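Below is one structure, written out as C-alpha cells; comments come after it.
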Ligand SMILES: CC(=O)O[C@H]1[C@H]2[C@H]([C@@H]3[C@@H](O)[C@@H]4[C@H]([C@H](C)C[C@]5(O)OC(=O)[C@@](C)(O)[C@]45C)[C@@]3(C)[C@H]1OC(C)=O)[C@@H](O)C(=O)[C@H]1C[C@@H]3O[C@@H]3[C@H](OC(C)=O)[C@]21C
Ligand SMILES: CC(=O)O[C@H]1[C@H]2[C@H]([C@@H]3[C@@H](O)[C@@H]4[C@H]([C@H](C)C[C@]5(O)OC(=O)[C@@](C)(O)[C@]45C)[C@@]3(C)[C@H]1OC(C)=O)[C@@H](O)C(=O)[C@H]1C[C@@H]3O[C@@H]3[C@H](OC(C)=O)[C@]21C
Ligand SMILES: Nc1nc2c(ncn2[C@@H]2O[C@H](COP(=O)(O)CP(=O)(O)OP(=O)(O)O)[C@@H](O)[C@H]2O)c(=O)[nH]1
Ligand SMILES: Nc1nc2c(ncn2[C@@H]2O[C@H](COP(=O)(O)CP(=O)(O)OP(=O)(O)O)[C@@H](O)[C@H]2O)c(=O)[nH]1
Ligand SMILES: Nc1nc2c(ncn2[C@@H]2O[C@H](COP(=O)(O)OP(=O)(O)OP(=O)(O)O)[C@@H](O)[C@H]2O)c(=O)[nH]1
Ligand SMILES: [Mg+2]
C-alpha cells in the first residue's frame with residue numbers, strides 16, 4: 001500500500017530509465033507484454049483483467065529517443081499517453097530548458113502527474129533521474145522540481161544526477177549548467193545522489209576486467225544501484241527501511257544534502273569461483289577509494305553520515321562485528337560531533353542478473369550511501385572552471401538572448417562560495 | 001480473575017509479540033486453529049488470564065497490534081499462528097514516521113490515538129478485574145517509541161491504579177542502528193520516568209554475547225533473540241496462571257523492588273542456558289542454577305553487574321524443587337559477596353517458586369535485578385546527546401513538526417537528575 | 001403500452017434517422033428483411049414502442065419521412081435497411097426550398113402538411129396509449145427548419161398534452177456553411193420556444209474535435225457523427241424498452257430537468273470514449289466514466305461549461321452496476337465543484353440506471369446537462385443577425401413570398417427576451 005512515481009527527463013534520464021525498467025520487468029517475472037503467467041502494486045497499476053502498467057513519465061524535448069522507445073521491444077508495455085514529446089531540443093542551453101521552449105510542455109506533464117497521483121492512496125515520493133551538463137535535462141528538471149515543491153508540499157523527492165567530470169569533458173557549457181542548476185535546486189529538492197562517469201569507467205576497466213564499455217553497461221550499474229535501494233520497499237526483511245527514512249539519517253542541515261552512492265561486489269564470473277565471500281571483506285571493500293562512484297579523495301575529509309543496505313542471506317552478528325572492526329581503524333576518521341553515523345538495512349531477497357549482462361550469480365550484495373565531506377573540494381574544482389568562463393565574458397550572449405540577466409551568474413557564484421564556506425566551517 | 005490485555009507498538013515489539021504469543025500458545029496447549037488440545041485440566045482453569053472463549057469453543061487472544069506501515073502487520077497476519085487474532089483489533093495508519101519522534105508523537109499519534117483507545121476501552125470493559133497492562137516497544141525508532149509513549153500517557157491518564165509492564169530494547173554501546181538515536185532515547189526516558197510502574201532494559205549486544213560464548217551459536221536470527229525475550233516474559237508471569245508454593249503475582253513484585261518511585265529500571269536474566277555440545281558434562285541441580293544466575297557475562301544488559309552494588313533482587317523459580325536448598329543457598333550467595341550489596345537494606349533477596357516447568361526441561365529460573373551500575377549506560381546516552389545538542393545537528397526535521405528546544409533542555413536536566421539519584425545511594 | 005411515432009424532416013435529419021433505425025435494429029436484434037433472428041425474450045415484449053405487427057409475421061417501423069427533394073429519398077430507399085419502411089410513408093413534393101425559410105413555411109407547407117397530417121392522424125389512431133413524438137431536423141437550411149417547425153406547431157395545437165423531443169443541430173462559431181443561416185436560425189428558435197417541451201442541441205465542430213482528439217481517426221465522416229447523435233438518441237430512449245433498478249421515461253426527465261418553461265435547451269454527452277489503439281489499458285469503472293463525463297471536451301455543443309453555471313444534470317446509465325458507488329461519486333462531484341452549480345437548487349444531480357447496455361460494451365453512460373452558458377452561443381447568433389439587419393441584405397427573396405419585416409423584429413425581440421432571461425439568473 002506504499003507507492004512511488006518515477007519521472008524521466010532528458011536523454012540520460014530516458015536511457016537510464018530504459019535500463020531501470022528493463023531490470024524492474026525482469027525482476028518480478030513479468031513478460032515485456034505486461035502480463036504474468038501481490039506486492040508489486042508498489043510500482044505498478046493494474047489494468048482491468050490480466051494487464052499491468054508501469055508508473056513512469058518519459059519527458060523529452062527531442063523526439064528521436066521517444067521514437068526509438070516506441071519502436072523498441074518495450075512497445076507494448078507502457079500507456080501511449082505517458083510519452084510526452086516536445087517539438088524542439090534545447091541544444092545544451094539552460095534558458096531554453098527552463099524558460100523558452102520547455103514552458104509550453106509543463107501543463108501536459110503536470111496533468112499527467114495529477115492523473116497518476118489520483119489512482120493511489122499513500123503516495124510517498126518521486127524519483128526523477130536527470131543529468132547536469134545537458135540543457136533540457138537540467139532546465140526542465142529545475143522547473144518541475146520548483147513546481148512540485150510548490151504544489152505537493154510535504155512529500156519526499158529523491159534524484160539521481162550525473163556528475164560532470166573534472167578531467168573528461170563532452171560539452172563546453174557544462175560548468176554553466178551545473179552552477180545555475182545547483183543555484184536553483186538547492187532549496188527545494190530533498191536528497192540527490194551524485195554519480196560520475198569516469199569512476200564507472202575505471203571500475204569497469206580494473207575490477208570487472210573489461211576493456212571497452214558501451215553506455216548500456218554504466219546504465220546497468222546505475223539501475224542495479226536503484227534496484228538495490230528500493231528492494232527494501234518491494235519485499236520484506238528482518239530490519240527494513242523505506243523511502244521516508246533516509247531524510248532522517250543523511251541530511252543534518254537543510255542545505256547539505258549531497259551524498260555519493262556505491263555498490264559491491266564488482267566482479268566477473270571468472271573471479272567469482274576462487275573467493276568465498278564473507279561479509280567482512282565486502283564491508284571493508286566498500287571503503288576502498290578506487291571503488292567509489294565519484295572521482296574524489298575520501299581521505300581528504302571526514303565521513304559525516306553513512307547508510308548501508310544489505311541484500312542476500314546475511315546474519316546480523318557478523319554485521320555488527322564488521323562495523324565494530326571498521327570504526328577502530330585509523331585512516332577512516334569520522335566527524336567529532338556525530339558518534340553514531342550508521343543506518344543499517346537488511347533484505348531477504350538476493351539480487352538477479354540480467355542475461356547478456358556483466359554480473360554473475362553472487363549470493364550477496366551491498367549498497368552504501370555516504371554523505372562525506374571531501375566532495376566539496378571537487379566543488380572548488382568545478383567552481384574554478386566557472387571563473388575561467390566568466391573572466392573573459394565567454395558565451396554570455398547565447399544565454400542572455402533568451403531572457404536572462406547578468407546578475408544571476410554573480411548570485412550563483414556567491415551562493416556556491418557560501419555553500420563551500422558553510423561546508424568548511426562545519427568541517428573544521 | 002486477574003486480567004492483562006496486550007498492546008504491541010512499533011516493529012520491534014511486534015516481532016517480540018509474535019514470538020511471545022507463539023511461546024504462550026505452545027505452552028497452554030492450544031492449537032493455531034483456536035481449538036483446545038492440551039493434556040491436563042490445570043491449564044483450562046486459568047486460561048481467562050489471557051484468552052476469551054468465543055461461541056463454538058474457539059478461543060481468541062487479547063491483543064491489539066499498532067504500527068504505521070502495513071507490511072509488518074501483513075507479515076504477522078499471513079504467517080503461522082496468525083489466525084487466532086481477531087481482525088477487529090488491527091489498527092494502523094498509512095504514512096509512517098521513520099525515526100522522527102515528533103512524527104511518532106505529535107502528528108500521526110493524534111490520527112490513531114482515538115481508535116486505539118476505543119478498542120482498548122472495549123477490551124478493558126469486557127474484563128472483570130484487570131491487574132496490569134503490558135506494552136512492548138523499542139527505544140530507537142519513531143513510531144514505536146512515540147506511539148508507545150503517547151499510549152502510556154493516555155492510559156495512565158485513564159486508569160490511575162493499574163500497573164504497567166513495558167519491555168524496551170535499549171540503545172547499544174558499540175554500534176548503533178539508527179542515527180538520531182540519543183534524541184529518541186532521552187525523550188523516551190523522560191516520559192518513562194513519569195508514567196510507568198515497572199519496565200525493563202534489554203541490550204542487543206548482551207544477547208549477542210549470550211548466544212556466542214555460552215550457547216555457541218553460529219547463525220543467530222532475530223526470531224531466536226525474541227525467543228529469549230519471550231522466555232523471560234513467560235518466566236516472569238507464569239505465577240498468575242498456575243499454582244504456587246510461594247506465589248508472586250505482579251503487584252508483589254512492584255511493591256517488592258522499588259525503594260523510591262523513580263528507580264524502576266530492571267535488568268533481567270534467564271537460567272539455565274545449555275548447548276547440545278556440552279549438555280552431558282553438566283548436572284542440573286540448584287547450585288548450577290544459582291551459579292549461572294549470579295553471573296557476570298550472563299546478564300541481558302551490556303553493563304558489568306559488579307560495577308557498583310545491588311539494590312534489590314527477585315528470583316522466580318519453575319520446577320519441583322526443595323525450599324530449604326533454595327533459601328540456604330540464597331543466603332550462601334549473599335554470604336560469598338559481601339561487597340556487592342547495599343547494607344542498609346539487609347535480606348536483599350526476594351524469592352518465589354511455582355510448580356509447572358517449561359515444556360521439556362525440569363528446572364528453570366528467572367532473575368530480576370534493580371542495580372545501580374546501569375547508571376553507566378545512562379552516562380553513555382546523555383554525553384552523546386549533549387555533543388549533538390552542542391552543534392544543533394538534525395534538529396530541523398523535528399523542529400518543522402512542532403517541537404521546541406526547551407523540551408530537550410528539560411529532558412537533559414531530567415536525565416542528569418536521574419543519574420544524581422542513582423549516585424546518591426551508593 | 002407507451003407509444004412513440006417518428007417523423008424525419010430535412011436532409012441531415014433523414015440521414016441521422018436512417019442511422020437511428022440502423023442502431024435500433026441492431027440493438028433490438030432484428031434483420032433488414034423485418035424478420036426475427038434475435039435471441040433473448042427481452043427484445044420482443046417491449047417492441048410495441050417503436051414498431052407494429054402485420055399479417056405474415058412482418059414488422060413495420062413507425063416512421064414518416066418528409067422532404068421536398070426526392071434524391072435523399074432515393075438514397076434511403078436504395079441503400080441497406082431501406083426495405084423496412086412502408087411505401088405509403090414516403091411523402092414529398094417536387095419543387096424544393098433552396099434554403100429559403102419563407103417558401104418552406106408559407107408555400108410548400110400548404111401543399112404537403114395536409115397529406116402528412118392525415119397520415120400521422122391515421123398512425124396515431126392506430127396506437128393504444130401514446131406518449132409523444134420525436135423529430136430530427138436542422139436549424140440551418142430551408143426545408144428541414146420550416147417544415148419541421150410548421151408540423152410541430154400543428155402537432156402542438158392538435159395534441160396539447162403530449163411530449164416532444166427534437167434532436168436538432170445548431171450553427172457553429174468557427175466556420176459556417178450557409179449564408180442565409182441566422183435568419184432561419186432565429187426564426188426556428190422563435191418557433192421552438194413556443195411549440196416544444198424539450199430540445200437537445202448539437203454543434204458540428206465539437207463533434208469534429210471529439211472525433212479528432214479522443215477517437216483518433218484519420219478520415220472523419222458525416223455518418224460517424226450521425227452515429228454519435230444516434231447513440232445519444234438510443235441512450236436517452238433506453239428506459240422505455242428495458243426494465244431496470246431505477247427506470248425513468250421521458251416525462252419524468254422532462255419534469256426533472258426544466259425548472260422554468262422557457263429554459264428548455266440542453267447539451268448531451270456520451271461515455272465511454274476510447275480509440276482502437278489506446279483501448280485496453282484504462283479500465284471500465286464508474287470512476288473513469290464519471291471523470292470522463294464532466295469535462296469541457298465531452299460536451300457535444302459549442303459551449304464551454306465552465307463559463308457559466310449548471311442548472312440540472314441527468315445521468316442515465318446502462319449496464320449492471322452498483323448503486324451506492326454511483327451515488328457516492330455523484331456526492332463527490334457535487335462536493336468538488338461548488339462554484340459550478342446553482343446554490344438554491346440543492347443536490348443538483350439526477351441519476352438513472354437501466355439494465356441492458358448497448359451491445360458491444362460492458363457499461364455505458366449518457367449525460368444530459370442544462371447549463372445557462374449557452375446564452376453565449378445565442379449572443380454570437382443574435383448579434384450577427386443585427387449586422388445583416390443593419391443592411392437588409394438578401395431580404396426581398398423572403399419578402400416576395402408573403403413575409404414582412406415586423407415578424408423579423410418580433411422574432412429578434414423574443415430571442416432578446418430569452419437571452420436576457422438567461423442573463424438574469426446568471
Ligand atoms: C535453547 C536451544 O538452543 O534450543 C531450542 C529450543 C527450540 C527452539 C525453536 O523454537 C527454534 C529455536 C532456534 C534456535 C531458532 C528458531 O529456528 O527460530 C525461532 O524463532 C525459534 C526459537 O522458534 C526456532 C524455530 C530453538 C531450536 C532453540 O530455542 C532457543 C535457542 O531458545 C524449541 O522449539 C523447543 O522446543 C525447546 C525445548 C527444549 O528446551 C530445549 C530448547 O530450548 C531451551 C529451553 O533450551 C528447544 C529445543
Ligand atoms: C467508438 C467506435 O469506434 O464505435 C464503432 C462502432 C461501429 C461503427 C460503424 O457504424 C462505423 C463507425 C466508424 C467510426 C465510421 C463508419 O465507417 O461510418 C459510419 O457512418 C459508421 C458509424 O456507420 C461506420 C460504418 C464504427 C466502426 C465506430 O463508430 C464510432 C467510431 O463511434 C458500429 O457499427 C458497431 O457495431 C459498434 C458496436 C460496439 O459499440 C461499439 C462501437 O460503437 C460504440 C458505440 O462503441 C462500434 C464497433
Ligand atoms: N529483538 C529484535 N530487535 C529488533 C528486530 N528488528 C529490529 N530490532 C531492533 O530495533 C531497534 C531500533 O528500533 P526500530 O527501528 O526497530 C523501531 P522503528 O523505528 O523501526 O519503528 P517504525 O517506525 O514503526 O518502523 C534496533 O536496536 C534493533 O536491534 C527484531 O526482529 N528483533
Ligand atoms: N451530421 C450531419 N450533419 C449534416 C449532414 N448533412 C448536412 N448536415 C448539416 O445540416 C446542416 C443544415 O442543412 P439543411 O437541412 O438546411 C439542408 P436544406 O434542408 O436547407 O436543403 P435540401 O437538402 O436541399 O433540402 C448543414 O449545414 C450541415 O451542417 C450529414 O450527413 N450529417
Ligand atoms: N551514465 C550514462 N550517461 C549518459 C548517457 N548518455 C548521455 N549521458 C551523459 O549526458 C550528458 C549530457 O547531458 P544530456 O542529458 O545528454 O543533454 P540533453 O538533456 O539531452 O539536452 P539536449 O541535447 O538539448 O536534448 C553527457 O555528459 C553524457 O555523459 C548514458 O547512456 N549513460
Ligand atoms: Mg539531448
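Just so it is clear, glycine is given a Cβ too, placed from its N, Cα and C backbone atoms.
For the motif 'MREI motif' (B:1-4), the DSSP counts in helix, strand and coil order read 0 helix, 2 strand, 2 coil. The feature motif 'MREI motif' is assigned by Swiss-Prot to B:1-4.
Taking the Cβ of residue B:142 (GTP binding site) as reference, residues of its chain lying under 8 Å away and at least six apart in sequence are, in sequence order, B:97, B:98, B:99, B:100, B:101, B:103, B:104, B:184. Sequence annotations record features per position, and here Swiss-Prot assigns GTP binding site to B:11, B:69, B:138, B:142, B:143, B:144, B:204, B:226 based on similarity to another entry.
According to Swiss-Prot, the phosphoserine annotation covers B:40 (among others). The Cβ of residue B:40 (phosphoserine) lies under 8 Å from the Cβ of no residue that sits 6+ residues away along the same chain. Reduced to three states, the DSSP call for residue B:40 (phosphoserine) is coil.
For residue B:58 (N6-acetyllysine), other Cβ atoms within 10 Å of its Cβ number 15. The annotation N6-acetyllysine is assigned in Swiss-Prot to B:58.
What Swiss-Prot lists as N6-succinyllysine is B:58.
Taken from Swiss-Prot, the feature ubiquitin cross-link applies to B:58 (among others).
Positions annotated as Mg(2+) binding site by Swiss-Prot: B:69. DSSP gives residue B:69 (GTP binding site) a coil state; it is part of no helix or strand.
Counting only same-chain residues at least 6 apart in sequence, those with a Cβ under 8 Å from the Cβ of residue B:172 (phosphoserine) are B:203, B:204, B:205, B:302. According to DSSP, residue B:172 (phosphoserine) is assigned to coil rather than to any helix or strand. Residues or ranges marked as phosphoserine by Swiss-Prot on the basis of similarity to another entry: B:172 (among others).
Using a 10 Å radius centred on the Cβ of residue B:285 (phosphothreonine) and all shown protein chains, the other Cβ atoms total 13. Swiss-Prot lists B:285 (among others) with the feature phosphothreonine, giving similarity to another entry as the kind of evidence.
Taken from Swiss-Prot, the feature phosphothreonine covers B:290 (among others). Taking Cβ-Cβ distances under 8 Å and a sequence separation of 6 or more, the neighbours of residue B:290 (phosphothreonine) in its chain are B:329, B:330, B:333, B:365.
Applying an 8 A CB threshold to same-chain residues 6+ apart, the list for residue B:318 (omega-N-methylarginine) reads B:235, B:238, B:354, B:355, B:356, B:357, B:358, B:363, B:364, B:365, B:366. If you look up Swiss-Prot, you'll see B:318 marked as omega-N-methylarginine.
Residue B:324 (ubiquitin cross-link) falls within a helical segment according to DSSP. Summarising the annotation, Swiss-Prot assigns ubiquitin cross-link to B:324 (among others).
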Query: So which of the recorded positions B:40, B:69, B:138, B:143, B:318 end up next to chain A, with Cβ to Cβ under 8 Å?
result: B:69
Message: Nearest of the recorded positions to residue B:144 (GTP binding site) by CA-CA distance, picking from B:58, B:285, B:324?
response: B:58
- prompt: Do any of the recorded positions B:11, B:204, B:318, B:324 touch ligand 3, in the sense that the CB is under 6 Å from one of its atoms?
  reply: B:11, B:204
Statement: argmin Cα dist to residue B:11 (GTP binding site) over the recorded positions B:58, B:285, B:324 returns B:58
Statement: Within 10 Å, the Cβ with the most other Cβ atoms among the binding-site residues B:11, B:138 is that of B:138
Field: Helix, strand or coil at residue B:142 (GTP binding site) [DSSP, three-state]
entry: coil
- line: DSSP says residue B:285 (phosphothreonine), in three-state terms, is coil
Query: Considering only the recorded positions B:58, B:285, B:324, which residue has the minimal Cα-Cα separation from residue B:138 (GTP binding site)?
result: B:58
Task: Please name which of the recorded positions listed here, B:58, B:285, B:324, is nearest in space to residue B:143 (GTP binding site), Cα against Cα.
output: B:58
Task: Spatially speaking, which of the recorded positions B:58, B:69, B:226, B:285 is closest to residue B:324 (ubiquitin cross-link)? Use C-alpha to C-alpha, please.
output: B:285
Message: Between residue B:69 (GTP binding site) and residue B:285 (phosphothreonine), how many Å separate their Cα atoms?
response: 47
- prompt: To the nearest whole angstrom, what is the C-alpha distance linking residue B:285 (phosphothreonine) and residue B:226 (GTP binding site)?
  reply: 27
